[PDB]
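Next comes just one chain, in structure tokens: the form deposited in one PDB entry.
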């Protein structure tokens, strides 16, 4: 699709869709959900050159509700999008700790470096400093650690002696009776590579006769538990993590639309095809069927256009 692209006609379609009295929402869906993010940026530039207004600001004014949130989300470049989500998680009343955990645990070091740069450019403060001020306790420690390198950019070579020592230390940390040693869990889970951690989880099972997930579930609670389990799930299979995130955004009463939007939008050009496959395998139904059950209107139709064919 990106073999060679003139954005001008698409910009004109959007102009006609919003100009005057009445809004053609379907024409907005047909352009923005069928073009790539980079093509959208070209469309935005053409729109401003031709018509003198910023496309995103125009979209924010012309549209409302969930449909507006989704369409505007599509207009953010990668990394800047996550920076906006993280800012929104902290700037309001309360902290949306779940948003922060998801992004920090599921992104790679190099992705996080880009998100950190975008966050400082757009909001004039350091992401790490804002997290330090807005969170506390052990949650604060793991989140800061995930940003503070927490690298791997790995090999396939794991040090077997260190993997065994890490597993021994995790076991010992769980076994202390007047307070789990949370810092030992945090350091190993946040500073070791994914490949090393997979071996640690294997060794931990042999030593402890308990899965690492069940140990975390019995030894921790609340946000710290969520954060640890998220690191574990992302290490084992990232695509499966995102499927589960989407499932729980929709399961039961109501919808966590913020979570649905963010995960579909941010994964749309990376692994949404694998997420769809994993969703089917894990839950015995398609992603689209749950979206159809939980959402309505132009919002629903835009989500389904993005997801694409889902037999």
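Residue numbers count along the first chain shown, from 1. Take the two forms, find the largest set of C-alpha atoms that superpose within 1.5 Å, and that set is the rigid core.
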* Higher average CA B factor in the deposited record is what I'm after, so tell me if that's 181 to 189 or 201 to 209. => 181 to 189
* Asked: Going by the B-factors listed in the PDB entry, is the mean over the C-alpha atoms higher for 267 to 275 or for 250 to 258?
  -> 250 to 258
* Structure fact -> Based on the PDB entry, the highest CA temperature factor among the options 231, 72, 163, 93 is that of 93
* Asked: What's the residue among 152, 97, 88, 114 with the greatest CA temperature factor in the PDB record?
  -> 152
* By its CA B factor, does residue 242 count among the lowest, middle or highest third of the modelled residues in the chain? -> lowest
* Is the Cα B-factor recorded for residue 102 in the lowest, middle or highest third of its chain? -> lowest
* Consider only the C-alpha atoms of the modelled residues in this chain, order them by B-factor as the entry records it, and name the third containing residue 282: lowest, middle or highest. => middle
* Asked: Going by what the PDB entry lists, where does residue 84 fall on CA B-factor within its chain: lowest, middle or highest third?
  -> lowest
* Asked: With respect to C-alpha B-factor, does residue 12 fall in the lowest, middle or highest third of the chain as deposited?
  -> middle
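There is another form of the same protein, the form deposited in another entry; it is not shown, and what comes next is about it.
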* Structure fact -> Comparing between this form and the one not shown on the core: of 180, 240, 135, 230, the CA moving 2 angstroms or more sits at 180
* To do: Using a rigid core alignment, state whether the CA of residue 152 is displaced by 2 Å or more between this form and the one not shown.
  => yes
* Asked: Relative to what is shown, are the Cα atoms of residue 178 and residue 97 closer or farther apart in that other deposited form, where the gap shifts by 3 Å or more?
  -> closer
